[PDB]
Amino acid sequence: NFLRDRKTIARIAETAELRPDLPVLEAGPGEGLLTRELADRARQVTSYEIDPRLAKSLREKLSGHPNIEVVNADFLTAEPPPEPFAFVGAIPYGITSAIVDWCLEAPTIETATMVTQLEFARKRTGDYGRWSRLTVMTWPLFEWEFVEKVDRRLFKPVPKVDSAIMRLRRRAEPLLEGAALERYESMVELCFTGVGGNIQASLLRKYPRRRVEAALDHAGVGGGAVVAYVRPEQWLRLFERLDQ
């Protein structure tokens, strides 16, 4: 699926929050129009194309841009650069979670701007109230933002479902660090298993009743809340009170 709509392509490039001293890594470059717009704004673009024939034609198509390099390789086995950078990608359906993990694990990444299936982006950004476990776990380190829906008819060939632009931003200052962050991650893990039936019952496996009740109230969360509908700001408040 190749995005052809010029307005959406420009929206992606502007979403990436690029600047002249920041390099970009790109995956799923397709026709390379987006690559041109990224190269206009960033220090340089390194664009990954796994297919050797497509890599060669893309390299020639973009040879009028000296700050574009095309790498004939699988992006998923690429190492991130040891300097701040941004990722931009149009991600096929079957490797979306793996690309997200690639970005979450790159310690110098600033932003990751991705075109994904619509439902994937909504879950990972809580756009309709339901929250991914990974989003909650990484919220102290990353912002997850839903940018916009992208209608199927803007691609070629036209797919079956709609897409979306979503963005990760690595926070300049993490909301938690060190052992406190680990204690937060342990709390989130504990609650997403569902042991005991409800979030209150799960928390009671690790924390005293008096403190659990105080923490739920502090966070504005009911003892029987559906775990997936607790918001990240509520998880932080819950941990704040529990960790005293």
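In case it trips you up, residue 1 is the first one in the sequence shown, and so on.
Mean CA B-factor, 92 to 100 versus 150 to 158: the higher value falls on 150 to 158. Remark: stretch with higher mean C-alpha B factor among 27 to 35 and 204 to 212 is 204 to 212.
Between the residues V70, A42, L54, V195, it is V195 that shows the highest Cα B-factor in the PDB record. Per the PDB entry, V227 shows the highest C-alpha temperature factor of the residues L22, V227, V221, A16.
Annotation for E182: C-alpha temperature factor in the highest third relative to the rest of the modelled chain, per the entry. When all modelled residues of the chain are sorted by CA temperature factor, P81 is found within the middle third. Split the chain's modelled residues into thirds by C-alpha temperature factor. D217 is in the lowest one. Looking at the C-alpha B-factors along this chain, the one for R122 belongs to the middle third. Remark: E173 belongs to the highest third of its chain, ranked by C-alpha B-factor as recorded.
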